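Visitor: Could you have a look at this structure, given as C-alpha cells, before my questions?
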Amino acid sequence: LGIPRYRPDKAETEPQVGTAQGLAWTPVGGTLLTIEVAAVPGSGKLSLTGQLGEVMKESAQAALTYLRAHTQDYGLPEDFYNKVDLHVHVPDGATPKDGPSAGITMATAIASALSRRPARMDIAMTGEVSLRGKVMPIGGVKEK
Amino acid sequence: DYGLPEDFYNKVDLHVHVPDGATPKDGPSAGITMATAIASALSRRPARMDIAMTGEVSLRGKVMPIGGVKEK
C-alpha cells in the first residue's frame with residue numbers, strides 16, 4: 001500500500017511545546033482534538049476561536065482561574081493576566097455534543113504554553129471542571 | 001465584622017460562574033447564595049455542610065423576599 005501518513009504506535013509523537021492532545025467524543029468520530037495556543041506577548045487579552053461554543057470558553061477560564069491560583073506553582077509570572085495574550089484556537093468545535101470536556105486539556109495547553117514546557121504526547125483525557133478547580137464528573141465516559 | 005481583609009475589592013480579583021442563567025430565571029433567588037459563596041471565598045473558608053437555601057440580598061443587608069418558594 002502507500003506510505004505511512006500517520007505516526008506509528010504512538011511512541012514518537014513530539015512532546016508539544018504548548019499543544020495538548022484532548023479527547024473527542026464527537027458525531028464525526030472519536031479522535032484527538034489537539035488544541036494549540038499562540039503564546040503571544042500583548043496587553044492581556046485571551047480570545048478563543050475555532051467554531052467553538054461557550055462551554056468550551058467557560059472550561060478554559062475555569063482552568064484559567066485554577067492557573068492564576070497557581071502562578072508560583074508553575075512557570076507563570078506573579079501577574080500574567082494583564083501582560084500576555086493567548087489566542088486559543090480549537091481544531092473542531094462546532095459540536096453540540098462537545099460540552100466543556102477539555103478544560104483540563106485547556107489547562108495542560110495553557111500551562112504548557114505559558115510555562116513554555118512540553119505538554120505531553122499521548123495522554124488522551126477528558127472531563128468537565130469546576131471554577132475553583134475540582135474536576136467535575138462527566139457522563140458518556142464510554143466514548144471518551 | 002466577619003474577619004475580612006479590608007482590602008478585597010481593590011487589589012483582589014474574583015471570578016464567578018454559575019451553571020445556569022442561560023436557563024430562564026425567575027428573578028433573583030440565589031443572591032444570598034452568592035453572598036455566602038463570595039464571603040466563603042474571600043477568606044479561604046468553607047461554608048456549611050449539606051444546607052440548601054434561596055433568597056435575595058438588599059443594599060443595607062436585609063434579606064428581601066422572593067416569590068413562589070414552594071418550588072425550591
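Letters A, B, ... mark the chains of the C-alpha cells in the order given; residue numbers begin at 1 per chain; ligand numbers begin at 1, in order shown.
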Can you list, as a tab-separated table (two decimals) with C-alpha atoms, in the first residue's frame, all residues belonging to chain A that DSSP tags as alpha helix (DSSP H)?

Guide:
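Listing of states_36.tsv after writing:
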chain	number	residue	atom	x	y	z
A	54	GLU	CA	-19.32	28.90	25.03
A	55	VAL	CA	-18.96	25.95	27.41
A	56	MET	CA	-15.51	25.41	25.92
A	57	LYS	CA	-14.74	29.03	26.85
A	58	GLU	CA	-16.05	28.62	30.39
A	59	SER	CA	-13.97	25.47	30.87
A	60	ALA	CA	-10.99	27.45	29.58
A	61	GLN	CA	-11.47	30.23	32.13
A	62	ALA	CA	-12.12	27.62	34.83
A	63	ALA	CA	-8.69	26.28	34.01
A	64	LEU	CA	-7.50	29.90	33.91
A	65	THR	CA	-8.68	30.69	37.45
A	66	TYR	CA	-7.03	27.44	38.51
A	67	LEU	CA	-3.90	28.65	36.71
A	68	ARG	CA	-3.87	32.05	38.39
A	103	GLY	CA	-10.91	22.31	30.26
A	104	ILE	CA	-8.19	20.14	31.72
A	105	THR	CA	-6.93	19.74	28.16
A	106	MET	CA	-7.19	23.55	28.06
A	107	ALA	CA	-5.26	23.63	31.35
A	108	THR	CA	-2.42	21.48	30.07
A	109	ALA	CA	-2.37	23.58	26.92
A	110	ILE	CA	-2.26	26.95	28.70
A	111	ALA	CA	0.23	25.93	31.39
A	112	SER	CA	2.45	24.19	28.87
A	113	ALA	CA	2.38	27.23	26.57
A	114	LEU	CA	2.85	29.89	29.26
A	115	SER	CA	5.39	27.73	31.07

Visitor: Give me the residues within 12 Å of residue 91 (chain A) as a PyMOL selection string, counting only C-alpha atoms and dropping any in the same chain fewer than 4 places off.

Guide: chain A and resi 19-22+24+31-37+48-52+95

Visitor: Each residue of chain B with at least one atom at most 9 Å from chain A should appear once, together with its nearest atom pair and the corresponding distance in Å (one decimal); atoms considered: only C-alpha atoms; ordering: chain, then increasing residue number; output as CSV.

Guide:
residue,atom,partner,partner_atom,distance
B:14,CA,A:65,CA,8.9
B:15,CA,A:65,CA,7.2
B:16,CA,A:131,CA,7.7
B:17,CA,A:131,CA,6.7

Visitor: Chain A: which residues are strand (DSSP E or B) by DSSP, as a list in words?

Guide: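 These are the residues in question: residues 16, 22, 23, 32, 33, 36, 37, 38, 39, 40, 41, 48, 49, 84, 85, 86, 87, 88, 89, 102, 119, 125, 127, 129 and 135 of chain A.
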
Visitor: Report, in Å with one decimal, the straight-line distance from CA of residue 5 (chain B) to CA of residue 47 (chain B).

Guide: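 CA of residue 47 (chain B) lies 17.7 Å from CA of residue 5 (chain B).
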
Visitor: I'd like to know which of A:41, A:133, A:127, A:96 is closest to residue 81 (chain A), using only C-alpha atoms.

Guide: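 Among the listed residues, A:41 lies closest to residue 81 (chain A).
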
Visitor: Rounded to one decimal in Å, what is the spacing between CA of residue 121 (chain A) and CA of residue 44 (chain A)?

Guide: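 Atom-to-atom, CA of residue 121 (chain A) to CA of residue 44 (chain A), that is 28.3 Å.
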
Visitor: Which of these, A:29, A:97, A:75, A:1, has the shortest distance to residue 118 (chain A) once you count only C-alpha atoms?

Guide: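 Once distances to residue 118 (chain A) are computed over only C-alpha atoms, the minimum belongs to A:75.
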
Visitor: Using only C-alpha atoms, which of B:32, B:18, B:12, B:4 sits nearest residue 57 (chain B)?

Guide: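 So, comparing all the options, the nearest one is B:32.
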
Visitor: Pick out the closest residue to residue 40 (chain A) from this set: A:100, A:11, A:129, A:83. Count only C-alpha atoms.

Guide: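 Checking each candidate against residue 40 (chain A), we get A:83 as the closest.
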
Visitor: Enter the distance from CA of residue 41 (chain B) to CA of residue 19 (chain B), in Å, rounded to one decimal.

Guide: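 Result for CA of residue 41 (chain B) versus CA of residue 19 (chain B): 17.6 Å, one decimal.
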
Visitor: As a ChimeraX atom specification, please: the residues near residue 42 (chain A) (cut-off 9 Å, only C-alpha atoms, same-chain neighbours under 3 positions excluded).

Guide: /A:45,82-86

Visitor: Excluding residue 52 (chain B) and its own-chain neighbours fewer than 4 positions away, which residues fall within 12 Å of it when counting only C-alpha atoms? Please give them as a list in words.

Guide: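 Answer for this query is residues 29, 30, 32, 33, 36, 47, 48 and 72 of chain B.
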